[PDB]
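A lone chain, given as structure tokens: the form deposited in one PDB entry.
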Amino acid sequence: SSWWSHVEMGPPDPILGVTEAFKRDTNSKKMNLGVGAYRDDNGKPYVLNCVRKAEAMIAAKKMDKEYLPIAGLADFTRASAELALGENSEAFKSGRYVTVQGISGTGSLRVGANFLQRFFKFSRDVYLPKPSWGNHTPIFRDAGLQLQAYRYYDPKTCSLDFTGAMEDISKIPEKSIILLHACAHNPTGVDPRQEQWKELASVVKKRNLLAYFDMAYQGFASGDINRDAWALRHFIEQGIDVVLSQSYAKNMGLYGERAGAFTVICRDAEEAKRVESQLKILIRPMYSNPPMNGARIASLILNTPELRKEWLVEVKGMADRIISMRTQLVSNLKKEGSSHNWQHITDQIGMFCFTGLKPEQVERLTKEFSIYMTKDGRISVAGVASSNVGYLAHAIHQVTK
């Protein structure tokens, strides 16, 4: 017997594990529609133009690789706050916030759950939608809080169960924590309507719950960043002090560089100066300081007028294309002769489609066509190219026929 003879084999990740499996397939026509990762119309990873140019200035500049403050690059930190909040914003104009650079959305989400475990003295309960992104569970559980659920999706009608959500939300105990997805709900692609949001805001404010916003797709829901931050701002402007996590993994295609941020909306500037210190105390014994590259890239872009403009034209370009892939898919399904209603494909927003396929179908998909998706029926439409939309339509159809 050794030290680790009792450590058993744990399973591959529900999501990430798909990329691993995909990797090993020898089928020349394999498609990885597992993770939410953008591909150009050639079905090739796409590094944004503004990104290529921002990296080049960094180089040109001959910058050091010295340790960053515990909290991250100030410029990035500040530029994020702003991207989330809006320049007009009183919250931002008053400095009543604390933004800390995190290890992308995941890392921010975690710093945040660990902050909460430590200082949220009113409850240990975090409420997640049904369904929610898989990683939300272990992130919160590992940080040490309890998990709960509120109704969200209605698979019978392929949309938001608003009456059920309102009922569940209306009964969450006061001062509990609720996780809401800012826009492009994962894995559903169905977000509450503006009017619906106004209503949720009321009940959240009414029940005095702490709103935890996960903002991983700003600019992917509508192709417009300010429109994507509506709901978030609407909440804060209603007097709800939220906490939020931002990812630059998809909107900037900085996936493996890992750039993100965790923000806390406080009552005052002084309150923020104290939350800040405790966040740093939290981060220090975790990874000490954050990865500089991704943050340097982001910041140069966010803070360089022409990089910001180009960035926005590119975020528009990526959303339009997913749209053109959605369109083409449904169209192909009818063309293959599909008797099914594929309306949700084009109804849904974001990088995926929550297709409704059963596990046997997902299974057949992988094995007969070398098409990889998650077991919940979620496909990354973001990863389809003009060249294989036909192939997918066909397979989806065969296994559905």
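Residues carry their position along the shown sequence, with the first being 1.
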Q: Identify the stretch, either 335-343 or 371-379, whose C-alpha atoms have the larger mean B-factor according to the entry.
A: 335-343
Q. In the PDB record, does 105-113 or 275-283 carry the higher mean Cα temperature factor?
A. 105-113
Q) Checking the entry, which one of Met63, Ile349, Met31, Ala54 has the top C-alpha B factor? A) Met63
Q. Highest Cα B-factor in the PDB entry belongs to which of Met9, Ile15, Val389, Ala21?
A. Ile15
Q: Rank-wise, by C-alpha B-factor, drop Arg96 into the lowest, middle or highest third of its chain.
A: highest
Q.
Split into thirds by Cα B-factor across the chain's modelled residues, where does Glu174 land: lowest, middle or highest?
A. highest
Q: Going by the recorded CA B-factors, say which third of the chain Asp224 sits in, lowest, middle or highest.
A: highest
Q: State the tercile, meaning the lowest, middle or highest third, of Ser159 with respect to the CA B-factors recorded for its chain.
A: highest
Q) Is the Cα B-factor recorded for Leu68 in the lowest, middle or highest third of its chain? A) middle
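The form deposited in another entry is left out here; the points below concern that form.
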(Q) I'd like to know if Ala272 and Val100 move within one rigid part between the shown form and the other one. (A) yes
